[PDB]
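Visitor: Give me a 3D structure for the following:
(chains A, B and C)
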Amino acid sequence: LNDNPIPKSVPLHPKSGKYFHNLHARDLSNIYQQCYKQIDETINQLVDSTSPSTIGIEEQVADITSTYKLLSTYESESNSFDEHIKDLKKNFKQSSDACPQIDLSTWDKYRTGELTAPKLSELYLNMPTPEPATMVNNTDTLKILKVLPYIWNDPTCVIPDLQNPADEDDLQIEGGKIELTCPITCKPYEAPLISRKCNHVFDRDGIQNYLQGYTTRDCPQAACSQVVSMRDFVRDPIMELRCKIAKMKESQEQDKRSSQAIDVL
Amino acid sequence: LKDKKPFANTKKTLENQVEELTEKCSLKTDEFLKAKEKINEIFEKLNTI
Amino acid sequence: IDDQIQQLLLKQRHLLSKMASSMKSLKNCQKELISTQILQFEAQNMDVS
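Guide: Numbers count the residues shown, from 1 in each chain, chains lettered A, B, ... in the order given. Sure, structure below:
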């Protein structure tokens, strides 16, 4: 309609196509990964600064894991948003690739009303939301949480079904029966390692003293006849987290015993 | 000519629109860098604590 | 020193929550920056055409 002297639709020009290709989205990836890394390192320094004397850890782990899942959902929806923006700009470029030429007849036809060149305006105002699914739960930072609850009762125990991802809180943490020392070294290990195929925890020094000497050596434990190599082992921070939390609890109970000896004397 | 005169009017209003949208984009980039610097500020505050 | 550690444990979580709230504003400012500028880019493309 004649409300605007310029036509409501207009083809694309190579001079305009230059700037159109010059379009770029902001570098959200680097800032998002660095804020994710600062969030996980501050979570680590939180779980390191904890103490058994502090009561009321359930509410604090609940709110920090709520913040974590909120930021994860925000990052995933922002990723889906920029992906949809890229798809929309690809649709715009492929629709403008078939645009007509530029002359007076086309200008007149588009001024009198000709829905031939769809602009990005209508495609962006009512753009379909991506609605991302398959929530990201394979991140190690998501595995960091929930290990603090249910640890003040028995840290040296691990229930066999703890690796079940059926629960929504990243695991099914319960009490069981597990060893806190490495059978190869016969000493409580401070650097643990465990692979997904063997599912057995061992000391790094012990496992490297047992692995070298043979190019193919199976795990010392039973129920796993398959051979385990160096690339099969993965660094699970939950194990060392639990060991250092147990060490902190032992130091705290020793300090408590010394203070009680001070009081009684 | 009776068409070119409104064409000049439209080119004038379009260059005015371009200049005001460029200054609005400058303002939005300023607010973006302000958000970035406040992010850095809260990061260094967390580091200090 | 125990009470100081305790009262400092409630300040770090406060600044963490403040960062998370300002972190939520990051999506807002980036979505208002990527928007309100593609329309003006199409306007300047119309201007050059």
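
Visitor: Now name the helix or strand holding the nearest residue to residue A:221 once chain neighbours are set aside.
Guide: Nearest-residue entry for residue A:221: residue A:200, 4.6 Å, with adjacent residues in sequence omitted and distances by CB to CB, 6 or more residues apart in numbering or on different chains. (Each C-beta comes from the backbone N, C-alpha and C, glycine too.) Counting by DSSP states H and E, no helix or strand carries residue A:200.

Visitor: same check, this time on residue A:4
Guide: Under the assignment given by DSSP H and E, residue A:4 is not contained in any helix or strand.

Visitor: Chain C contacts on chain B?
Guide: B:11, B:14-15, B:17-18, B:21, B:24-25, B:28-29, B:31-32, B:35, B:38-39, B:42-43, B:45-46, B:49 (CB under 8 Å from any CB of the partner chain).

Visitor: dump the residue contacts of residue A:211.
Guide: Contacts for residue A:211 (CB atoms under 8 Å, 6 or more residues apart in numbering or on different chains) come out as A:217, A:230.

Visitor: Tell me how far it lies from residue C:7.
Guide: Separation of residue A:211 from residue C:7 (CB to CB, to the nearest Å) stands at 49 Å.

Visitor: Residue A:131 now?
Guide: Summarising the geometry, the distance separating residue A:131 from residue C:7, computed by CB to CB, is 43 Å.

Visitor: Residue C:31 now?
Guide: Shown here: residue C:31 relative to residue C:7, a distance of 38 Å by CB to CB.

Visitor: Of the two, give the one with the bigger neighbour count.
Guide: Taking neighbours as other CB atoms under 10 Å in any protein chain shown, residue C:31 and residue C:7 compare with residue C:31 leading, 13 against 9.

Visitor: For the helix or strand hosting that one, name the packing helices and strands.
Guide: Assessed by DSSP H and E, residue C:31 sits inside helix C:2-34. With contacts defined as 3 or more CB pairs under 8 Å, 6 or more residues apart in numbering or on different chains; DSSP states H and E, helix C:2-34 has these neighbours: helix A:28-49, helix A:57-96, helix B:4-48.

Visitor: Which residue ranges of chain A form strands?
Guide: Taking DSSP state E as the test, the strands found in chain A are A:181-182, A:187-188, A:192-195, A:202-203, A:233-234.

Visitor: Out of those, the one nearest residue A:221 is which?
Guide: strand A:202-203 (8.6 Å; CB to CB).

Visitor: contact partners of that closest one?
Guide: Applying CB under 8 Å, 6+ apart, the set of residues contacting strand A:202-203 from outside is A:182, A:184-185, A:187, A:189-194, A:210, A:220.

Visitor: which one of those sits closest to chain C?
Guide: The shortest approach to chain C among the contacts of strand A:202-203 belongs to residue A:190, at 24.8 Å (CB to the nearest CB).

Visitor: dump the residue contacts of that closest one.
Guide: Residue A:190 sits in contact with A:203, A:240, A:243-244, A:247, where contact means CB under 8 Å, 6+ apart.

Visitor: Tell me which of the strands of chain A is the most buried.
Guide: Mean neighbour count (mean count of other CB atoms under 10 Å in any protein chain shown) peaks for strand A:202-203 among these, with a mean of 24.

Visitor: In its sheet, which strands sit next to it, and in what direction?
Guide: With DSSP bridges as the test, strand A:202-203 is paired with strand A:192-195 (antiparallel).

Visitor: Enumerate the residues of chain A near chain B.
Guide: Contact residues, chain A versus chain B (CB under 8 Å from any CB): A:5-6, A:26, A:31, A:35, A:38, A:42.

Visitor: now those residues: which count as buried?
Guide: Neighbour counting over these (16 or more other CB atoms under 10 Å in any protein chain shown) leaves A:6, A:35, A:38, A:42 as the buried ones.

Visitor: Closest one of those to residue A:110?
Guide: Distance from residue A:110 was checked for each of those by CB to CB. The minimum falls on residue A:6, at 9.1 Å.
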